[PDB]
Structure formats: structure tokens, C-alpha cells
$ cat start-v7.txt   # compact mmCIF, C-alpha atoms and all ligand atoms
# COMPACT_ATOMS: atom_id res chain seq x y z
CA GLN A 12 23.64 -5.50 53.43
CA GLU A 13 26.83 -5.40 51.28
CA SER A 14 26.48 -9.18 51.21
CA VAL A 15 22.99 -8.85 49.73
CA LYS A 16 24.15 -6.19 47.26
CA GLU A 17 26.98 -8.42 46.05
CA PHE A 18 24.65 -11.44 45.78
CA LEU A 19 22.21 -9.49 43.58
CA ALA A 20 25.03 -8.03 41.42
CA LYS A 21 26.30 -11.56 40.66
CA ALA A 22 22.72 -12.77 40.09
CA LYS A 23 22.23 -10.06 37.44
CA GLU A 24 25.56 -10.83 35.69
CA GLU A 25 24.66 -14.51 35.39
CA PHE A 26 21.12 -13.75 34.16
CA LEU A 27 22.37 -11.33 31.51
CA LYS A 28 24.88 -13.79 30.04
CA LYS A 29 22.08 -16.37 29.42
CA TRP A 30 19.58 -13.64 28.38
CA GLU A 31 21.93 -12.42 25.60
CA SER A 32 22.73 -15.95 24.30
CA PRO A 33 19.65 -18.17 24.93
CA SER A 34 19.82 -21.95 24.76
CA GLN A 35 17.72 -23.59 22.01
CA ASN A 36 16.81 -27.06 20.74
CA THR A 37 18.18 -29.11 23.68
CA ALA A 38 15.86 -32.20 23.44
CA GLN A 39 13.24 -33.77 21.15
CA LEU A 40 9.75 -35.30 21.68
CA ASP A 41 10.65 -38.93 20.95
CA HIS A 42 13.17 -38.91 23.83
CA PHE A 43 10.15 -38.97 26.25
CA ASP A 44 7.19 -41.21 27.17
CA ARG A 45 3.89 -39.42 27.89
CA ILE A 46 2.33 -40.37 31.28
CA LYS A 47 -0.61 -38.06 32.23
CA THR A 48 -2.15 -34.61 31.59
CA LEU A 49 -1.69 -32.42 34.74
CA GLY A 50 -3.65 -29.35 33.47
CA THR A 51 -4.99 -27.86 30.25
CA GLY A 52 -6.02 -24.44 28.81
CA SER A 53 -6.88 -22.48 25.66
CA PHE A 54 -3.49 -22.73 23.90
CA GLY A 55 -1.40 -25.11 26.06
CA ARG A 56 -1.26 -27.98 28.58
CA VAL A 57 1.25 -29.49 31.04
CA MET A 58 1.97 -33.23 30.96
CA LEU A 59 3.93 -35.59 33.16
CA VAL A 60 6.59 -37.32 30.98
CA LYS A 61 9.48 -39.74 31.58
CA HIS A 62 12.85 -39.53 29.77
CA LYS A 63 13.38 -42.91 28.04
CA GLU A 64 17.14 -43.25 28.66
CA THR A 65 17.57 -41.81 32.18
CA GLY A 66 14.12 -42.63 33.65
CA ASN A 67 13.80 -39.11 35.07
CA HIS A 68 10.34 -37.50 35.37
CA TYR A 69 9.59 -34.00 34.06
CA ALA A 70 6.64 -31.61 33.57
CA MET A 71 6.38 -30.80 29.80
CA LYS A 72 4.46 -27.60 28.87
CA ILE A 73 3.16 -27.97 25.26
CA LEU A 74 1.93 -24.87 23.36
CA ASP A 75 0.10 -25.14 20.00
CA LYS A 76 1.74 -22.53 17.70
CA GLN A 77 -1.44 -21.80 15.70
CA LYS A 78 -3.47 -21.28 18.89
CA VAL A 79 -0.75 -19.02 20.37
CA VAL A 80 -0.99 -16.85 17.24
CA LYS A 81 -4.79 -16.69 17.29
CA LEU A 82 -4.94 -15.69 20.97
CA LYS A 83 -2.23 -13.00 20.53
CA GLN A 84 0.32 -14.66 22.82
CA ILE A 85 3.41 -14.75 20.50
CA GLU A 86 5.50 -12.23 22.44
CA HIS A 87 4.38 -13.66 25.81
CA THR A 88 5.46 -17.20 24.85
CA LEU A 89 8.86 -15.93 23.61
CA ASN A 90 9.26 -13.99 26.91
CA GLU A 91 8.38 -17.11 28.97
CA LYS A 92 11.03 -19.35 27.44
CA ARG A 93 13.80 -16.71 27.20
CA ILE A 94 13.33 -15.73 30.88
CA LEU A 95 13.03 -19.31 32.21
CA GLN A 96 16.25 -20.46 30.53
CA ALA A 97 18.12 -17.47 32.09
CA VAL A 98 16.97 -17.46 35.79
CA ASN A 99 18.27 -19.46 38.79
CA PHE A 100 16.80 -19.14 42.33
CA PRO A 101 15.86 -21.68 45.09
CA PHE A 102 12.07 -20.97 44.77
CA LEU A 103 11.76 -20.97 40.91
CA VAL A 104 10.99 -24.17 38.97
CA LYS A 105 13.96 -25.14 36.79
CA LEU A 106 13.69 -25.39 33.00
CA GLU A 107 15.74 -28.42 31.91
CA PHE A 108 15.17 -28.53 28.08
CA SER A 109 13.28 -26.70 25.35
CA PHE A 110 12.53 -27.40 21.65
CA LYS A 111 9.95 -26.96 18.89
CA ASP A 112 8.56 -28.98 15.96
CA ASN A 113 6.22 -28.39 13.01
CA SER A 114 3.18 -27.86 15.33
CA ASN A 115 4.19 -27.12 18.95
CA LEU A 116 6.55 -25.38 21.38
CA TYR A 117 7.87 -27.45 24.34
CA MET A 118 9.30 -26.40 27.75
CA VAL A 119 10.51 -29.37 29.84
CA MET A 120 10.69 -28.45 33.57
CA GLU A 121 11.50 -30.34 36.76
CA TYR A 122 8.34 -32.10 38.05
CA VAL A 123 7.13 -31.05 41.54
CA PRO A 124 4.88 -33.93 42.83
CA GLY A 125 3.49 -32.21 45.94
CA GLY A 126 0.84 -30.33 43.98
CA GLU A 127 -0.47 -26.72 43.86
CA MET A 128 -0.75 -24.57 46.97
CA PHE A 129 -4.33 -23.93 45.79
CA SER A 130 -5.32 -27.60 46.39
CA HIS A 131 -3.77 -27.66 49.89
CA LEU A 132 -5.32 -24.29 50.86
CA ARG A 133 -8.82 -25.30 49.72
CA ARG A 134 -8.57 -28.68 51.52
CA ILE A 135 -7.59 -27.23 54.94
CA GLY A 136 -9.61 -23.99 54.64
CA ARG A 137 -7.01 -21.41 55.71
CA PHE A 138 -3.38 -21.41 56.82
CA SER A 139 -2.29 -20.18 60.30
CA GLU A 140 -0.29 -16.92 60.27
CA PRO A 141 3.09 -18.71 60.81
CA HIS A 142 2.27 -21.08 57.89
CA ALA A 143 1.21 -18.20 55.58
CA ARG A 144 4.33 -16.22 56.69
CA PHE A 145 6.74 -19.09 55.74
CA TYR A 146 5.35 -19.11 52.15
CA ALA A 147 5.10 -15.26 51.98
CA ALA A 148 8.80 -14.92 52.90
CA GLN A 149 9.77 -17.14 49.93
CA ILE A 150 7.69 -14.94 47.56
CA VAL A 151 9.30 -11.74 48.97
CA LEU A 152 12.81 -13.14 48.30
CA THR A 153 11.79 -14.39 44.83
CA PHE A 154 10.33 -10.96 43.87
CA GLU A 155 13.45 -9.19 45.22
CA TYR A 156 15.50 -11.46 42.87
CA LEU A 157 13.25 -11.07 39.80
CA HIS A 158 12.81 -7.29 40.20
CA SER A 159 16.59 -6.76 40.53
CA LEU A 160 16.90 -8.38 37.04
CA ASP A 161 14.26 -5.91 35.75
CA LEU A 162 11.66 -8.73 35.50
CA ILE A 163 7.97 -8.37 36.40
CA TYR A 164 6.17 -11.68 37.14
CA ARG A 165 2.47 -10.68 36.69
CA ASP A 166 0.81 -14.08 37.42
CA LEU A 167 0.94 -14.58 41.22
CA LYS A 168 -1.95 -16.83 42.39
CA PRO A 169 -2.12 -20.05 44.51
CA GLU A 170 -2.34 -22.35 41.42
CA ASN A 171 1.16 -21.22 40.26
CA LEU A 172 2.90 -22.05 43.59
CA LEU A 173 3.91 -25.74 43.78
CA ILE A 174 4.88 -27.44 47.07
CA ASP A 175 8.06 -29.55 46.86
CA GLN A 176 9.29 -32.62 48.79
CA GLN A 177 10.75 -30.42 51.57
CA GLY A 178 7.56 -28.31 51.87
CA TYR A 179 9.09 -25.26 50.11
CA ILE A 180 7.53 -23.29 47.21
CA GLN A 181 8.50 -23.58 43.52
CA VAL A 182 6.95 -20.76 41.38
CA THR A 183 5.91 -21.91 37.87
CA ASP A 184 4.16 -20.37 34.83
CA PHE A 185 6.19 -17.48 33.36
CA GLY A 186 3.65 -16.91 30.55
CA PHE A 187 3.09 -13.24 31.61
CA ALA A 188 6.64 -12.53 32.87
CA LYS A 189 8.47 -9.69 31.04
CA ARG A 190 11.78 -7.75 31.14
CA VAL A 191 10.70 -4.14 31.88
CA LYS A 192 12.94 -1.27 32.94
CA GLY A 193 10.10 1.31 33.32
CA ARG A 194 6.42 0.95 32.42
CA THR A 195 4.43 -1.72 30.52
CA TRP A 196 0.79 -1.79 29.33
CA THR A 197 -0.68 -5.26 28.63
CA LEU A 198 -3.91 -6.39 30.34
CA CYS A 199 -3.09 -9.78 31.85
CA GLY A 200 -3.49 -11.72 35.12
CA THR A 201 -6.39 -13.40 36.98
CA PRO A 202 -9.14 -10.96 38.09
CA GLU A 203 -8.89 -11.39 41.88
CA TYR A 204 -5.12 -10.55 41.83
CA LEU A 205 -5.07 -7.50 39.46
CA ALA A 206 -3.76 -4.16 40.81
CA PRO A 207 -5.96 -1.07 40.23
CA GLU A 208 -3.53 0.45 37.71
CA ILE A 209 -3.91 -2.66 35.46
CA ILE A 210 -7.75 -2.48 35.63
CA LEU A 211 -7.59 1.27 34.76
CA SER A 212 -5.41 0.64 31.62
CA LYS A 213 -2.43 2.67 32.92
CA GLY A 214 1.28 2.28 32.17
CA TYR A 215 2.24 0.24 35.24
CA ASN A 216 5.45 -1.13 36.84
CA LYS A 217 6.80 -3.77 39.26
CA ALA A 218 4.54 -2.40 42.06
CA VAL A 219 1.76 -4.64 40.61
CA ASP A 220 3.65 -7.73 41.94
CA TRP A 221 3.65 -6.24 45.51
CA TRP A 222 -0.14 -5.63 45.27
CA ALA A 223 -0.58 -9.27 44.18
CA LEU A 224 1.51 -10.39 47.23
CA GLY A 225 -1.00 -8.58 49.48
CA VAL A 226 -3.88 -10.48 47.81
CA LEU A 227 -2.00 -13.82 48.22
CA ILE A 228 -1.23 -13.23 51.95
CA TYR A 229 -4.86 -12.25 52.61
CA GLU A 230 -6.18 -15.34 50.80
CA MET A 231 -3.73 -17.73 52.58
CA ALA A 232 -4.68 -16.35 56.04
CA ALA A 233 -8.47 -15.94 55.44
CA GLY A 234 -9.21 -18.78 52.95
CA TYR A 235 -10.81 -16.40 50.37
CA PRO A 236 -9.52 -13.31 48.51
CA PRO A 237 -10.09 -9.69 49.68
CA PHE A 238 -12.07 -8.40 46.68
CA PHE A 239 -14.23 -11.47 46.11
CA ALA A 240 -17.43 -11.12 44.05
CA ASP A 241 -19.49 -13.25 41.62
CA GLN A 242 -18.37 -11.72 38.27
CA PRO A 243 -15.23 -9.84 37.12
CA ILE A 244 -16.87 -6.43 36.71
CA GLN A 245 -17.90 -6.54 40.40
CA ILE A 246 -14.41 -7.72 41.48
CA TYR A 247 -12.86 -4.79 39.55
CA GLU A 248 -15.19 -2.28 41.24
CA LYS A 249 -14.11 -3.55 44.68
CA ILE A 250 -10.36 -3.48 43.75
CA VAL A 251 -10.42 0.14 42.49
CA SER A 252 -12.43 1.17 45.55
CA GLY A 253 -9.73 -0.64 47.61
CA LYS A 254 -12.19 -0.97 50.51
CA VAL A 255 -11.01 -4.09 52.35
CA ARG A 256 -12.56 -5.86 55.35
CA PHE A 257 -10.33 -8.00 57.52
CA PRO A 258 -11.44 -11.03 59.60
CA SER A 259 -11.24 -10.38 63.36
CA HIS A 260 -8.89 -13.33 63.70
CA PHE A 261 -6.17 -11.42 61.77
CA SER A 262 -3.41 -10.02 64.00
CA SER A 263 -2.95 -6.22 64.11
CA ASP A 264 0.48 -6.62 62.49
CA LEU A 265 -1.04 -8.64 59.58
CA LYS A 266 -3.74 -5.97 59.02
CA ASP A 267 -1.11 -3.20 59.00
CA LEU A 268 1.12 -4.99 56.44
CA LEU A 269 -1.91 -5.70 54.18
CA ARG A 270 -3.11 -2.06 54.24
CA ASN A 271 0.37 -1.06 52.98
CA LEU A 272 0.54 -3.76 50.22
CA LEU A 273 -3.12 -3.23 49.16
CA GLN A 274 -2.55 0.52 48.77
CA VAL A 275 -4.48 1.80 45.72
CA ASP A 276 -2.01 4.69 45.22
CA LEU A 277 1.00 2.91 43.69
CA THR A 278 3.34 5.75 44.79
CA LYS A 279 2.51 4.88 48.47
CA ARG A 280 2.60 1.05 48.21
CA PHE A 281 5.12 -1.03 50.19
CA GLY A 282 7.80 -2.46 47.92
CA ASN A 283 7.62 0.74 45.78
CA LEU A 284 8.99 3.31 48.31
CA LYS A 285 12.55 4.67 48.69
CA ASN A 286 13.56 1.64 50.80
CA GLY A 287 12.12 -0.90 48.34
CA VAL A 288 11.72 -4.46 49.61
CA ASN A 289 13.26 -3.58 52.99
CA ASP A 290 9.99 -1.91 54.13
CA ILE A 291 8.42 -5.39 53.76
CA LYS A 292 11.30 -7.45 55.25
CA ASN A 293 11.52 -5.09 58.33
CA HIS A 294 7.77 -5.00 58.99
CA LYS A 295 6.60 -6.28 62.42
CA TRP A 296 4.62 -9.15 60.81
CA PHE A 297 7.98 -10.62 59.63
CA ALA A 298 9.83 -10.08 62.98
CA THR A 299 10.22 -13.86 63.59
CA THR A 300 11.50 -14.55 60.00
CA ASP A 301 15.17 -15.52 59.55
CA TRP A 302 15.60 -14.38 55.92
CA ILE A 303 19.00 -16.11 55.43
CA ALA A 304 17.74 -19.43 56.86
CA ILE A 305 14.71 -19.37 54.49
CA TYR A 306 16.95 -18.72 51.45
CA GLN A 307 19.30 -21.60 52.55
CA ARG A 308 16.27 -23.93 53.07
CA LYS A 309 17.25 -24.53 56.73
CA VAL A 310 13.80 -23.81 58.29
CA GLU A 311 11.55 -26.81 58.96
CA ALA A 312 8.47 -26.45 56.75
CA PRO A 313 4.94 -26.36 58.27
CA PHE A 314 3.66 -29.10 55.99
CA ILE A 315 5.17 -31.91 53.87
CA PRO A 316 2.85 -33.04 51.04
CA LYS A 317 1.90 -36.72 50.96
CA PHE A 318 3.12 -38.55 47.83
CA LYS A 319 4.77 -41.90 47.05
CA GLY A 320 7.68 -40.96 44.76
CA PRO A 321 8.80 -38.74 41.89
CA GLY A 322 6.23 -40.29 39.49
CA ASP A 323 3.16 -39.97 41.73
CA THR A 324 0.36 -37.79 40.26
CA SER A 325 -2.18 -38.15 43.15
CA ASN A 326 -1.87 -34.44 44.15
CA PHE A 327 -3.04 -33.36 40.64
CA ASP A 328 -6.51 -33.95 39.15
CA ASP A 329 -7.93 -35.70 36.07
CA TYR A 330 -8.35 -34.33 32.50
CA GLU A 331 -9.44 -35.88 29.19
CA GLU A 332 -6.28 -37.27 27.52
CA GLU A 333 -5.69 -35.74 24.04
CA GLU A 334 -3.16 -36.59 21.29
CA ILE A 335 0.14 -34.69 20.79
CA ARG A 336 -0.15 -34.32 17.01
CA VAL A 337 2.70 -33.04 14.85
CA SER A 338 1.92 -31.86 11.30
CA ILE A 339 4.00 -32.93 8.29
CA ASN A 340 4.07 -29.23 7.32
CA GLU A 341 5.77 -26.48 9.36
CA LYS A 342 3.33 -24.00 11.00
CA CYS A 343 4.17 -20.40 11.99
CA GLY A 344 7.91 -20.85 11.46
CA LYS A 345 8.71 -17.14 11.12
CA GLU A 346 6.81 -16.09 14.28
CA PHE A 347 8.77 -18.53 16.45
CA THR A 348 12.25 -18.33 14.82
CA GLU A 349 13.98 -17.30 18.09
CA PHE A 350 12.42 -20.12 20.24
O1 LIG A 401 -2.95 -25.98 33.96
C1 LIG A 401 -1.95 -25.25 34.71
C2 LIG A 401 -2.28 -25.25 36.20
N1 LIG A 401 -1.85 -26.61 36.67
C3 LIG A 401 -0.99 -27.21 35.60
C4 LIG A 401 0.23 -27.83 36.18
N2 LIG A 401 1.54 -27.50 36.17
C5 LIG A 401 2.24 -28.49 36.80
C6 LIG A 401 3.64 -28.58 37.06
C7 LIG A 401 4.30 -29.48 37.83
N3 LIG A 401 5.62 -29.51 38.05
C8 LIG A 401 6.38 -28.50 37.44
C9 LIG A 401 5.71 -27.59 36.66
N4 LIG A 401 4.37 -27.55 36.43
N5 LIG A 401 1.44 -29.49 37.23
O2 LIG A 401 0.09 -29.06 36.83
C10 LIG A 401 -0.65 -26.03 34.67

$ encode --input "start-v7.txt" --output "C-alpha cells" --more "lines below"
Ligand SMILES: O[C@H]1CN[C@H](c2nc(-c3cnccn3)no2)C1
Amino acid sequence: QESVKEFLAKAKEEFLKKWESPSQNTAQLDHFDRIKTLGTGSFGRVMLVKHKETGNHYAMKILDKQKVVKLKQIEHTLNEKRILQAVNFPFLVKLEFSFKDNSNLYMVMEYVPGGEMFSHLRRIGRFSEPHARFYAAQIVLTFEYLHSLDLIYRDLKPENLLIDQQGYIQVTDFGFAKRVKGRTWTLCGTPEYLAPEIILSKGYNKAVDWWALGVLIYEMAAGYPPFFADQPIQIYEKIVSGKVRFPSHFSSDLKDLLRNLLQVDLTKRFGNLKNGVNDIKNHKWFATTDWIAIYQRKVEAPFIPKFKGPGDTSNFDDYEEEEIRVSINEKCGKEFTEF
């Protein structure tokens, strides 16, 4: 374990150097051709773009400054970019460039053509336990890394887990990620994945990411989430009750791990005890997992996504194509000075 301790100490040193001196202004919009919209929301979208001189493909996240302000996301967007430019781990998407202009903020990431885990899960129905375990092990290692840097992730769900050309996970969307040493208070995350202490408006901590891992493992292995209901208020009532029903096809070891991750009392939840992540890594459900081989990407993946090359968009769906407009006047300059 000294080897793991020394790995995490170096990881934190390298993170802090970039965190204290963030990169800024490393590309500009007219260096890229726009290809296709890959998803869209209330203040932002992600496009496929191509760099004009190198020919490389990238995923460009575009945030409208005025809409970020109106929806009270200023601090969250500044967190997202400052964290992404400072992290480095095999299962995190890489930020390659960032910049801003009179109207928008831009984060240019590597493009992962294999698509969302969500699409693959919904197409096949559910994953076998070994398939769900391969992905879960990558999330355990990624959360061990992030939490040792004092980062909470706060947006785990199948749509944020991309499948790469080797069949491994790349986590994207750091819009709710935050550097936290103790407690934090903001209501954020998708309803089915929220821990009880978020729903109850408490000061909460990194144990909310371990709760969300329990929801993800359940949904991968069942094909639906554990607290499912028609509207959010009914979902929240089931979460806080914490009453969970498991399919009979679940192994006994899977049920035991999920009862310990989906523990309503945060002071009793796996990942948040004296032994930290090691209660999860040493659980019987993970007995066949070679943690070093997963980190080194030496395990054969269960599934390789079908795609034709680094520009193929067939694993993403279709959205109305809107302009990328840039005002002749600067908007919200003061709010986004540090970006
Ligand atoms: O609307 C949200 C959900 N789906 C969108 C999306 N994100 C990406 C992607 C691809 N490669 C690297 C990073 N992000 N593709 O689609 C974003």
C-alpha cells in the first residue's frame, strides 16, 4: 500500500501546481470547423469540431455567459474549467484547450466516439455482473483519485460515462465538481442519483459520490434505478426511506455491497468509514478484480463500441443545429475574469 500512498501523494502535488496557476486562452474559435451538435441544454451544448491545421477531432463544450448568469451557474462553470485543466487520470476525459469571447465560454476536450454508457445500457437492457463490475472498478479508482485531491464529483449517471475505443470509461461533465475539504451545501445532481443528505438540505461531503456509485451499480445490473418513480417528489420519498428491492437474479455478494453503499446514514456508508475506499476494494463482489491491471488498461474489455473512425458520430443522436453567435460587445466580462 506504500506504492498507492506514494502514487496519490504525487497525484496531489501535480494537481496543486496546475490548480494554483491555471492555464487560460490556449485556442480560439476560428481555429476549428463545426461538424455536428452532440447534445444540448439550458445554458450549454457540446459540438463535434475539427482543428483546421492538424485535422484532429475534439468535443467543444460551449456555454452562453448570459444564460450561465441567469441560471446561477457562475461559480460552477469556473469550478468546472479550473478542475478539468488540473486533473490527469486514465478514466477522465482530457481537456486540451480553453478560451472565451464576447459571448461564450469554450472547453475543448478529446472526442470519445463510442458514445454514452446510457445508450449501450438501454439498447442491451442490463449488463451481466462481470460487465457491470469492470465499469464499477474504474469509477472506484477515479473517485479514490478525485477524493484524495479534495474534489467531489456530484454528477455520476450513465450519460456522463463515455465508452472509448478500447472499451474503457472516460468520465465527462465536471459542471458540479468542486474542491471541498469538509462540507458543502448546493442542491445539484439528477434526481435518481441524489443521496438523502442532499434531498434533506444538509451540509454534505464526499460520501454522496459513494451513494451515487451504489445507484449506478444497481442500474447497470438491473437495467433501471433503485428508487424509480414517475415524478421527482416520489423518487425523493423512496430515497429518504432507503427501502430498496433487489431482483432475484442479483448475487448475494452484489446485494451486500449495495446495502452498504445505499446506506441512508452517511456515517455508516461504505467509502466513508475508517478504512475509506478499501472497504469497497476488499468487498467479496470485487474478489476477481485485479485493481492494478484495470488502472494499467491491461484487462480485455467486455464490449468494444462499433464506430468507423475518430470522426464518426453514429453513437450520438440528432439535435437541431443552431448558430454559434458572438456579439460585437463584451458580455459579463467581470463575472468570468478568471476563465
Ligand atoms: O448533452 C450532454 C450529454 N451528451 C452530450 C455529449 N458530450 C459528448 C462528449 C464526447 N466526447 C468527449 C466529451 N463529451 N458527446 O455528447 C453532453

$ residues_near_ligand --input "start-v7.txt" --ligand "ligand LIG 401 (chain A)" --cutoff "7 Å" --atoms "only C-alpha atoms and all ligand atoms" --output "ChimeraX atom specification"
/A:49-52,56-57,70,104,120-124,126,170-171,183,327

$ atom_distance --input "start-v7.txt" --atom1 "CA of residue 105 (chain A)" --atom2 "CA of residue 127 (chain A)"
16.1 Å

$ residues_around --input "start-v7.txt" --residues "residue 129 (chain A)" --least-positions-apart "6" --cutoff "12 Å" --atoms "all atoms listed in the file" --output "PyMOL selection string"
chain A and resi 135-138+167-174+180+227+230-231+234-235+326-327

$ closest_residue --input "start-v7.txt" --among "A:151, A:343, A:206, A:233" --to "residue 252 (chain A)" --atoms "all atoms listed in the file"
A:206

$ closest_residue --input "start-v7.txt" --among "A:245, A:32, A:176, A:181" --to "residue 202 (chain A)" --atoms "only C-alpha atoms"
A:245

$ atom_distance --input "start-v7.txt" --atom1 "CA of residue 91 (chain A)" --atom2 "CA of residue 184 (chain A)"
7.9 Å

$ residues_near_point --input "start-v7.txt" --point "(9.2, -18.3, 57.1)" --cutoff "9 Å" --atoms "all atoms listed in the file" --output "PyMOL selection string"
chain A and resi 141-149+297+299-302+304-305+310+312

$ residues_around --input "start-v7.txt" --residues "residue 339 (chain A)" --least-positions-apart "4" --cutoff "10 Å" --atoms "only C-alpha atoms" --output "number ranges by chain"
A: 112-114

$ atom_distance --input "start-v7.txt" --atom1 "CA of residue 153 (chain A)" --atom2 "CA of residue 100 (chain A)"
7.3 Å

$ closest_residue --input "start-v7.txt" --among "A:107, A:13, A:86, A:140" --to "residue 265 (chain A)" --atoms "all atoms listed in the file"
A:140

$ closest_residue --input "start-v7.txt" --among "A:269, A:80, A:191, A:240" --to "residue 282 (chain A)" --atoms "only C-alpha atoms"
A:269

$ axis_aligned_box --input "start-v7.txt" --around "region 85-92 of chain A" --padding-each-side "6 Å" --output "AutoDock Vina command-line options"
--center_x 7.2 --center_y -15.8 --center_z 24.7 --size_x 19.6 --size_y 19.1 --size_z 20.5

$ decode --input "start-v7.txt" --residues "region 37-55 of chain A" --atoms "N, CA and C atoms" --output "compact mmCIF listing (two decimals), in the first residue's frame"
# COMPACT_ATOMS: atom_id res chain seq x y z
N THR A 37 -5.94 29.26 -24.59
CA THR A 37 -4.99 28.43 -25.30
C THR A 37 -5.44 28.06 -26.72
N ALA A 38 -6.59 28.57 -27.19
CA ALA A 38 -7.02 28.40 -28.59
C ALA A 38 -7.98 29.54 -28.93
N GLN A 39 -8.56 29.52 -30.14
CA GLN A 39 -9.62 30.46 -30.48
C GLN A 39 -10.60 29.80 -31.47
N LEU A 40 -11.82 30.36 -31.60
CA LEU A 40 -12.91 29.66 -32.29
C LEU A 40 -12.59 29.44 -33.77
N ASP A 41 -11.95 30.43 -34.42
CA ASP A 41 -11.72 30.30 -35.87
C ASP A 41 -10.55 29.37 -36.21
N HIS A 42 -9.99 28.66 -35.23
CA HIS A 42 -9.06 27.58 -35.49
C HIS A 42 -9.78 26.25 -35.75
N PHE A 43 -11.11 26.22 -35.62
CA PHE A 43 -11.91 24.99 -35.71
C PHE A 43 -13.05 25.14 -36.73
N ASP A 44 -13.37 23.99 -37.37
CA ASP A 44 -14.60 23.80 -38.16
C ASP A 44 -15.65 23.11 -37.29
N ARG A 45 -16.89 23.58 -37.33
CA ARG A 45 -18.00 22.94 -36.65
C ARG A 45 -18.57 21.81 -37.50
N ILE A 46 -18.79 20.63 -36.88
CA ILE A 46 -19.27 19.44 -37.58
C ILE A 46 -20.72 19.06 -37.20
N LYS A 47 -21.04 18.92 -35.89
CA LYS A 47 -22.35 18.40 -35.51
C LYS A 47 -22.59 18.69 -34.03
N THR A 48 -23.86 18.95 -33.66
CA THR A 48 -24.23 19.07 -32.24
C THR A 48 -24.43 17.67 -31.64
N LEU A 49 -23.71 17.36 -30.54
CA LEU A 49 -23.79 16.04 -29.88
C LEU A 49 -24.74 16.02 -28.67
N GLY A 50 -25.10 17.19 -28.14
CA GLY A 50 -26.10 17.31 -27.06
C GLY A 50 -26.28 18.77 -26.73
N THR A 51 -27.42 19.08 -26.09
CA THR A 51 -27.75 20.49 -25.83
C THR A 51 -28.63 20.61 -24.58
N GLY A 52 -28.48 21.73 -23.85
CA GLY A 52 -29.17 22.00 -22.58
C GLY A 52 -29.57 23.45 -22.34
N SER A 53 -29.80 23.84 -21.09
CA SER A 53 -30.39 25.16 -20.85
C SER A 53 -29.39 26.31 -20.90
N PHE A 54 -28.09 26.05 -20.74
CA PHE A 54 -27.10 27.12 -20.88
C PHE A 54 -25.90 26.76 -21.74
N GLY A 55 -25.83 25.51 -22.24
CA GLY A 55 -24.67 25.00 -22.96
C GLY A 55 -25.01 23.88 -23.93
